[PDB]
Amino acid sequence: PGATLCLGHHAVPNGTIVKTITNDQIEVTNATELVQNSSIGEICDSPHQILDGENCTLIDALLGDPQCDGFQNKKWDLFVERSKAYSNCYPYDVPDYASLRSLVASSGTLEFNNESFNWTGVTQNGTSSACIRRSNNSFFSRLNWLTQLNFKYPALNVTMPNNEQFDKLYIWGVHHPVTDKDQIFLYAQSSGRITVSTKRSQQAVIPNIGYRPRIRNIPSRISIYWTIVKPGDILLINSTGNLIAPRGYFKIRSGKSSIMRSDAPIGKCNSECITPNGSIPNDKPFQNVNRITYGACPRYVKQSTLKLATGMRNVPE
């Protein structure tokens, strides 16, 4: 009679379908998912330093909008801007807003050092009902609204050397009065001019008088500019009117910092990978949660699922 000896392999009743080169669908004994498709719906506060902008855009925290005073000098790995954020100070715009926002975000610090600019012969610390701070008329914390004194506005020609070992970022602006009358009432003379220069740059701005739609009852505007001053260089401000002067400089750092638009709440938890939807686990190589990411993250793909076989072909009995 003898014996019979048969070689075989296992099989399972509940197999899973995968794709190979040979087959669009083949059942295997087991598989694992390579596409992360869910977030936990909150941005974990660890291990990255999160700064929740709350009602403040980064630019409003920079200029010093009154509701953003709590942000002075803070640092971040990720600044989170909320869709509800709104400005509540003198109405302004920033030509190339997106670039100023990007470079501050990437710098990752609001550290500000005050400097003593020699502003002789003008009225300082101008304020407005459009920018209320603790019940009083006020202004952007980091800017100095200069106007005429004793019906005169003597031409400004002020220098600030950078004798530090780091770059200085200066934020300044131009007031665009609503009428030719207001130009006179504020600055003495019928047309202002601003020239801000260094050894390696110059920026020249002329105000544009006129009506804009009222924002917090103000039909005029401020336009914001910026200037970087390297070590051994000099800021030179030369102006016959309309200057919204800097009070000092922001430190500008380089590193890994960024900014993200999200309405997800901040949670007390620890997760490497952040998306606008919330933190996501980063065990899988791919993800279809969001193309916007910060940190050690799976790569964004369009597939909602990719199954990697972790067992042999399943051939039920």
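One rule holds for the numbers: they count along the sequence shown, beginning at 1.
Novice: Mean CA temperature factor from the deposited coordinates, higher in 279-287 or in 263-271?
Specialist: Looking at the record's C-alpha B-factors, the answer is 263-271.
Novice: Out of 53-61 and 288-296, which stretch has the higher average CA B-factor listed in the record?
Specialist: Looking at the record's C-alpha B-factors, the answer is 53-61.
Novice: Highest Cα B-factor in the deposition, which of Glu164, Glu81, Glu111, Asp77?
Specialist: Across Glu164, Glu81, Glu111, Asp77, the entry lists the biggest C-alpha B-factor for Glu164.
Novice: Of the options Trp172, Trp119, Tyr92, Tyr97, which has the highest CA B factor as deposited?
Specialist: So the option with the highest C-alpha B-factor is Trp119.
Novice: Quick one: classify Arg101 as lowest, middle or highest third of the chain based on its Cα B-factor.
Specialist: According to the entry, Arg101 has a C-alpha B-factor in the chain's lowest third.
Novice: By the recorded C-alpha temperature factor, relative to the other modelled residues in its chain, which third is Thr195 in?
Specialist: Highest third, going by the recorded CA B-factors of the chain.
Novice: Rank-wise, by C-alpha B-factor, drop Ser107 into the lowest, middle or highest third of its chain.
Specialist: It falls in the bottom third of the chain.
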